[PDB]
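Participant: Sequence unavailable; structure follows:
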Ligand SMILES: CSc1ccccc1CC(=O)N1CC(O)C1
Ligand SMILES: [Zn+2]
């Protein structure tokens, strides 16, 4: 589990969105595994606007933050899970790092701010849904 709280937005994995998220929906995209809902309180996270390929992510199944090198956002075939059949996921970045299904939502961050959230993984890989191209998260 986990979310990004920026401005009056809450960014979560679409497959973990709650009824309150769907009832306060701003934007969702199944191919990216992302959903954004509106919040009453202002959040403290800031989004990175960069092309970093090194950062740190939080892994709840280890209660630890790990440094990682990650790929650029791309269209990758992701195996079937409890939440989606096997399909192509867009804006996804891969790294070598531990992950389990419930690690989805952990933040990946670089020197500039939040880069994305854990979305996929297995066998010593972890994939992150990028949010750096969603410029509208910084306004309204
Ligand atoms: C960190 S996810 C993970 C990790 C290890 C093993 C399996 C998973 C589940 C997974 O691939 N998915 C949830 C959906 O969005 C795609
Ligand atoms: Zn950066």
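Facilitator: Noted; the coordinates are in hand. Numbers count the residues shown, from 1 in each chain. Ligands and ions are numbered 1, 2, ... in the order given.
Participant: who's in contact with residue 89?
Facilitator: For residue 89, the contact set (Cβ atoms under 8 Å, 6 or more residues apart in numbering) comprises 31, 32, 33, 75, 76, 77, 78, 119, 120, 127, 129. In short, each C-beta sits where N, CA and C put it, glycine included.
Participant: Please spell out which residues along the helix or strand hosting it are buried.
Facilitator: When elements are assigned from DSSP states H and E, residue 89 belongs to strand 87-96. Buried residues in strand 87-96, defined by neighbour count with 16 or more other Cβ atoms under 10 Å: 89, 90, 91, 92, 93, 94, 95.
Participant: re earlier: out of the contacts of residue 89, which one sits closest to residue 111?
Facilitator: Distance ranking of the contacts of residue 89 against residue 111, using Cβ to Cβ, places residue 129 first at 19.9 Å.
Participant: so the closest one sits in a helix?
Facilitator: No. Going by DSSP: H, G, I helix; E, B strand; the rest coil, the assignment for residue 129 is strand, not a helix.
Participant: Outline the domain layout of the protein.
Facilitator: Residue ranges for the domains of the chain, per CATH domains of a matching chain: 3-44, 45-140.
Participant: For ligand 1, what's the nearest residue on this protein?
Facilitator: Proximity of the chain to ligand 1 (Cβ to the nearest ligand atom) peaks at residue 121, 3.1 Å away.
Participant: That residue in helix, strand or coil?
Facilitator: State at residue 121, reduced to three classes by three-state DSSP: strand.
Participant: Touching, it and residue 100? I think so.
Facilitator: Yes. With contact defined as Cβ atoms under 8 Å, residue 121 counts as touching residue 100 (7.5 Å).
Participant: So which bits of this protein are right by ligand 2?
Facilitator: 48, 50, 52, 110, 112 (Cβ under 5 Å from the ion).
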